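K.L.:
part one of the complex, untouched from its place in the assembly:
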Amino acid sequence: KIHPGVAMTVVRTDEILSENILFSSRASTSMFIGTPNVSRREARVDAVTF
Amino acid sequence: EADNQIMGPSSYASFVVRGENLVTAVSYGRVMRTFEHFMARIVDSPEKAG
Amino acid sequence: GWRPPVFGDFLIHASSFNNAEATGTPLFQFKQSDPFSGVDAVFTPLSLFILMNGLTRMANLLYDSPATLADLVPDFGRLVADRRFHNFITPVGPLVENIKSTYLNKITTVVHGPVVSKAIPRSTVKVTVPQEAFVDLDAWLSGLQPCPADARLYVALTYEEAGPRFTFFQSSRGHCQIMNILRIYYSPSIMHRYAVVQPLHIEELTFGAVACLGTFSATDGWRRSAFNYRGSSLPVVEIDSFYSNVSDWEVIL
C-alpha cells in the first residue's frame, strides 16, 4: 500500500432505463397509406409461406 | 377533467389518380397533387388575389 | 421446394451394419471385386474407425469381432502402403430408411438432393456426426470477415503414423482456399510423418484426400444431441436442411 509516483482518474459508463414522455402537436405530420401486396416466398413439403 | 372523449373522423381522406393526372403520369412521369386546383387557379380565374 | 431427391437402394448383409444406428448418419460404400450384386459392404464412420484402428468403447460395443470386416477389405494393409484406399471409399449420403431383414438388410439413403423421407408427403430428417473426430475449421483460425450464404461439409482421410483417420470439416468460405487452410491445419501432423519417409519410395508421399459432401443451410449453426443407447452418453452434432452433393477426392500435401 505504498503510493506510486502518479495519481489516476477513472472513467466509467452507465446505462439507465428511462420511461419517457413524448409530446406532439396537431397537424405535425402527414401520412400517406398505400395498398398492401401479397407474394409467395417459400413453398416447402410441409407448409408454404406468404 | 371528466371529458375522456373527442370527435374524430371515421375514415382517411381519399386521394386517387384521375385521368388528368394520368396523362401527365404516362407522358412525363410527373403528377401534381389535385391538378384541378392548379388548373382552376391558372386558366379559369387569372388574377384571384391570394 | 426443389425436385425430390434421387434416392438410392442398397442391400447389405445385416452382420456388418447395426439396426440400432440413428436415422441420418452418412454412409460410405466399398467396391468388391468379383461379386457385388450380393453384399454392398457399405461402411458407417464408426465402422471405419474399427477397420482402421470415449468413442472407442462405443465403437467396440456396437461392433464385435472384427474379422468379417477384415474379410470385406482384405487388402487394407496393401492399400495403406500404396495410398489407394481413398480410391475406394465413395461417399453416398445420410441414412433414411432401414428395412429390417435377418440375413440381408435394406438401406435407403440420399445420393443427391434435400434430405427427406418418402412415406408421408416428405417429412424431413437431419444428418448427424459425433463431435469428437470433428473439427470446425472456422473457429480454428479466429476487417470483419463477410457472412456467406452457404456452408460446406468436407471429408478428409489422412494416413498418419498410427494408421489412417478420417475427419469432417465445416467451413463456409470457398473451395479454393479450404485446401490451403487444410494444409495449414494438417501442418504439424505432416511434421510427424517424415521420420521414416526416406527408405520408402515415391507412391507413399500422398498425405490424404478431400471430398466435398454437401452444402447445408448456413447462418444458423448446429446443435448437440446425444446417443440414447444403453451405456452411450455419446455427444453428437446434428445439422438440418442438408443438401448432399458428394464430390471427388482431391489430394492434399
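P.N.:
Structure's in. What do you need? Numbering: from 1, shown residues only, chains lettered A, B, ... in the order given.

K.L.:
quick check: closest non-adjacent residue to residue C:28.
P.N.:
Nearest non-adjacent residue to residue C:28, counting by CB to CB, 6 or more residues apart in numbering or on different chains: residue C:43, 4.6 Å away. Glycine gets a C-beta too; all of them are placed from N, C-alpha and C.

K.L.:
try residue A:49
P.N.:
residue A:42 (4.4 Å).

K.L.:
phi, psi of the residue nearest to residue C:28?
P.N.:
Backbone torsions for residue C:43, taken as degrees, to the nearest 10, come to phi -110, psi 150.

K.L.:
that older thread, look up how far residue A:50 lies from the residue nearest to residue A:49.
P.N.:
According to CB to CB, to the nearest Å, residue A:42 and residue A:50 sit 9 Å apart.

K.L.:
so what's residue A:9 up against?
P.N.:
Listed by CB atoms under 8 Å, 6 or more residues apart in numbering or on different chains, residue A:9 has no contact partners.

K.L.:
for it, phi and psi?
P.N.:
According to degrees, to the nearest 10, residue A:9 has phi -110, psi 140.

K.L.:
contact residues of chain A facing chain C?
P.N.:
A:42, A:43, A:44, A:45, A:46 (CB under 8 Å from any CB of the partner chain).

K.L.:
just give me the closest of these to chain C.
P.N.:
residue A:45 (3.8 Å; CB to the nearest CB).

K.L.:
now a ChimeraX select for only the buried ones of the residues of chain A next to chain C.
P.N.:
Buried members of these, defined by 16 or more other CB atoms under 10 Å in any protein chain shown, are picked up in ChimeraX with:
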select /A:45
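
K.L.:
CSV for the residues of chain A next to chain C, including secondary structure?
P.N.:
As requested, the residues of chain A next to chain C are exported to CSV (DSSP: H, G, I helix; E, B strand; the rest coil):
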residue, secondary structure
A:42, coil
A:43, strand
A:44, coil
A:45, coil
A:46, coil
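
K.L.:
also put chain D on there:
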Amino acid sequence: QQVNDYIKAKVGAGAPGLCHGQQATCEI
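P.N.:
One more piece, chain D, placed on the ones above:
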C-alpha cells in the same frame, strides 16, 4: 519471456454469475 510471464501471471491473470448487474468497464 520469463519477466513477461511473471507480469502476466501476477496482475493480468465468462463470469459464472453476477448479483449487481452489467459490469462497467473502468479506464484509467
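
K.L.:
quick recheck of the contacts of residue A:9 now chain D is there?
P.N.:
So residue A:9 contacts residue D:28 (CB under 8 Å, 6+ apart).

K.L.:
can you tell me how far it sits from residue B:21?
P.N.:
Noted for residue A:9: a distance of 66 Å to residue B:21, by CB to CB.

K.L.:
residue A:6 too?
P.N.:
75 Å.

K.L.:
more neighbours: these two, which one.
P.N.:
Comparing residue A:6 with residue B:21 by other CB atoms under 10 Å in any protein chain shown, the one with more neighbours is residue B:21, at 18 against 5.

K.L.:
so which residue is dead centre in the chain?
P.N.:
Went with chain A since none was named. Centroid check for chain A by CA atoms, centre = their mean gives residue A:17 as the closest residue, at 13.3 Å.

K.L.:
chain C, not that one
P.N.:
Short answer for chain C (CA atoms, centre = their mean): residue C:45, at 5.3 Å.

K.L.:
which residue packs closest to it, ignoring adjacent ones?
P.N.:
residue C:166 (6.4 Å).

K.L.:
that neighbour belongs to a strand?
P.N.:
Yes - using three-state DSSP, the assignment for residue C:166 is a strand.

K.L.:
and it, what is it in contact with?
P.N.:
C:45, C:48, C:49, C:52, C:133, C:155, C:156, C:157, C:158.

K.L.:
how does it look with 7 Å?
P.N.:
C:45, C:48, C:155, C:156, C:157 (CB atoms under 7 Å, 6 or more residues apart in numbering or on different chains).

K.L.:
what about the closest residue to chain C within chain D, how many residues nearby?
P.N.:
Here the residue of chain D nearest chain C is residue D:14; by CB to the nearest CB that distance is 16.4 Å. When counting by other CB under 10 Å, one arrives at 3 neighbours for residue D:14.

K.L.:
give me the number of residues near the residue of chain B found nearest chain C?
P.N.:
Using CB to the nearest CB, the single residue of chain B nearest to chain C is residue B:29, 36.5 Å away. For residue B:29, the neighbour count with other CB under 10 Å is 7.

K.L.:
further, place chain E onto the existing structure:
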Amino acid sequence: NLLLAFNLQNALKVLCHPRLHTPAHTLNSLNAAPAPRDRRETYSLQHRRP
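P.N.:
Alright, chain E goes in next:
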C-alpha cells in the same frame, strides 16, 4: 449501496502493459509535425570521450 474499494492493485491491469512504457509512437507523433520547438537546446546530450 455496497461500499467498494478502488485500489492500486486492481488498477494494475492497465498499469502493467507495454503501451505505457514504449516511446516510439509518442516520438513519431511528436516529430511528424511540420514545425517542432526551436531546436536550440545543446548541452550534455551525448557523452564525449577524452
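
K.L.:
chain E added, so what about the contacts of residue C:166 now?
P.N.:
C:45, C:48, C:155, C:156, C:157.

K.L.:
got it, and residue C:94?
P.N.:
C:24, C:25, C:26, C:109, C:110, C:115, C:127, C:242, C:244.

K.L.:
also residue A:40?
P.N.:
A:48, A:50.

K.L.:
residue C:181 now?
P.N.:
Taking CB under 7 Å, 6+ apart as the test, what residue C:181 contacts is C:137, C:141.

K.L.:
export the host helix or strand of it as CSV, just CAs?
P.N.:
Following DSSP states H and E, one finds residue C:181 within helix C:175-185. Output in CSV follows, covering the C-alpha atoms of helix C:175-185 (Å, rounded to 0.1, in the frame of the first residue of the first chain):
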residue,chain,number,x,y,z
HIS,C,175,-13.4,-24.5,-52.1
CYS,C,176,-10.2,-22.8,-53.5
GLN,C,177,-8.9,-21.9,-50.0
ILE,C,178,-10.3,-24.6,-47.8
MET,C,179,-7.5,-26.7,-49.4
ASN,C,180,-4.8,-24.2,-48.3
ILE,C,181,-6.4,-23.8,-44.8
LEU,C,182,-6.5,-27.6,-44.5
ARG,C,183,-2.8,-27.8,-45.3
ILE,C,184,-2.2,-25.1,-42.6
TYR,C,185,-4.3,-27.3,-40.3
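
K.L.:
in it, what counts as buried?
P.N.:
Within helix C:175-185, the residues that count as buried by 16+ other CB under 10 Å are C:178, C:181, C:182, C:185.

K.L.:
residues contacting the last one?
P.N.:
So that's residue C:185. Contacts of residue C:185 (CB under 7 Å, 6+ apart): C:137, C:140.

K.L.:
how close does the residue nearest to residue B:31 when sequence neighbours are not counted sit to chain E?
P.N.:
Nearest non-adjacent residue to residue B:31, counting by CB to CB, 6+ apart: residue B:21, 4.5 Å away. Note on residue B:21: its distance to chain E, by CB to the nearest CB, to the nearest Å, is 63 Å.
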